[PDB]
Amino acid sequence: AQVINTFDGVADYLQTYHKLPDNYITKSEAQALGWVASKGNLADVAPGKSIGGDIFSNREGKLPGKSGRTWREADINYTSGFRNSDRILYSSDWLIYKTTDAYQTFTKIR
Amino acid sequence: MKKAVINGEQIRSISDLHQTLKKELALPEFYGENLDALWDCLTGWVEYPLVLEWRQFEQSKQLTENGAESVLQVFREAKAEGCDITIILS
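Residues numbered from 1 in each chain as written, not as in the entry; some residues may be left out. Chains lettered and ligands numbered in written order. Heavy atoms only, no water.

- Per the PDB record, the structure was determined using X-ray crystallography to 2.39 Å resolution.

Focus on the overall build of chain B
Okay, step 1: Within chain B, the secondary structure is distributed over four helices and three strands.
Okay, step 2: Ordering the α and β elements of chain B from the N terminus gives β-α-α-β-α-α-β.
Okay, step 3: Expected size for 90 residues packed as a compact globule is a radius of gyration near 12 Å; at 12 Å, chain B falls within 12% of this value.
Okay, step 4: For chain B, the spread of C-alpha atoms along the three principal axes comes to 30 × 25 × 20 Å.
Okay, step 5: The 90 residues of chain B split such that 47% are buried.
Okay, step 6: Total accessible area on chain B stands at roughly 4,500 Å², and carbon and sulfur atoms take up 46% of it. (Helix = DSSP H or I, 4+ residues; strand = E, 2+ residues; numbered from the N terminus. Rg over C-alpha atoms; globule rule 2.2 N^0.38 Å. Buried < 20%, exposed > 50% of the residue type's maximum accessible area, 1.4 Å probe, protein only. Areas by Shrake-Rupley, 256 points an atom, 1.4 Å probe, with all protein chains shown as cover.)

Digging into the interface of chain A and chain B
Okay, step 1: Opposite the 18 residues of chain A that make contact, chain B presents 16 residues.
Okay, step 2: Here chain A meets chain B over a buried area of about 1,400 Å², counting both sides, of which 45% is carbon and sulfur.
Okay, step 3: When residues of chain A are sorted by the area they lose upon contact with chain B, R59, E60 and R83 of chain A head the list and together hold 41% of the total.
Okay, step 4: Viewed at the interface, chain B and chain A are joined by three salt bridges. (Contact = heavy atoms within 4.5 Å. Buried area = accessible area lost by both parts, 1.4 Å probe. Salt bridge = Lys/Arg side-chain N within 4 Å of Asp/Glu carboxyl O.)

Quick look at unusual backbone geometry
Peptide bonds are mostly trans, and most non-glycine residues show a negative phi.
Okay, step 1: Each neighbour pair has its own omega, and for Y48 of chain B with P49 of chain B the value is 0 degrees, a cis peptide bond.
Okay, step 2: Within the secondary structure, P49 of chain B is located in the loop between helix 2 (35–42) and strand 2 (50–55).
Okay, step 3: The residue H18 of chain A is not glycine, and still its phi comes out positive at about 55 degrees.
Okay, step 4: Using a relative accessible area of 44% as the deciding quantity, one classes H18 of chain A as partly exposed.
Okay, step 5: A positive phi angle, near 65 degrees, is found at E65 of chain B, a position not held by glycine.
Okay, step 6: By the element assignment, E65 of chain B lies in the loop between helix 3 (57–61) and helix 4 (67–81).

Some points on the sheet that holds strand 1 (residues 24–25) of chain A
All names here are of chain A.
Okay, step 1: Taking strand neighbours across the sheet as the criterion, the six strands line up as 1-2-3-4-5-6 in an open arrangement whose pairing is mixed. The sheet is open, and its two edges are formed by strand 1 and strand 6 (107–108), each paired on a single side.
Okay, step 2: Pairing of strand 5 (residues 96–99) with strand 6 involves two bridges; the strand directions are antiparallel. In the sheet register, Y97 faces strand 6, and the bridge partner there is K108.
Okay, step 3: Across the sheet, helix 1 (residues 7–17) is in contact with strand 1, strand 4 (87–91) and strand 5; its angle to strand 4 comes to roughly 15 degrees. (Pairing = 2+ DSSP bridges. Axes fitted to C-alpha atoms, helices over the stretch in contact; angles between N-to-C directions.)

Have a look at this one:
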């Protein structure tokens, strides 16, 4: 399928199909195919793919917590080279947030 | 191989700690300076293998509140995750 890697496209997809679009791969899988983060070679070893799907630990506790709730994150607006500061955060009960400032602040988008 | 040094006695705030990490780990220009950005950099940016040498840990704990400990925990979880990180505490 065509790459879906925008906040709205990914958010719609997450809530509609309850999974990430096909162009997302976790850090481990990316590493299993050759990704070396400081080389910024993800597009080389995994064309059209973005890092996403890993557990997000909400270390600073800015996203809302709840008994039974875990979070996951995915890279947004990524194509190739070194990673950026844009992420989409989606929970097990399908709450969607984003950040555009490397996890300093968050906005509820769903 | 990357080596990062923290001179604990020179840390006067949590801000100093993230700024010392930005420089020593060659973090992004807009490094978020939070625990969430730290994790994301250790598992999706930083070069490995990595040796983090944290000198004067106790002193650096006095003016970061829980910070120092929180940041060390992130490095430790990154090493639990599979990152090739060697932590030296003195």
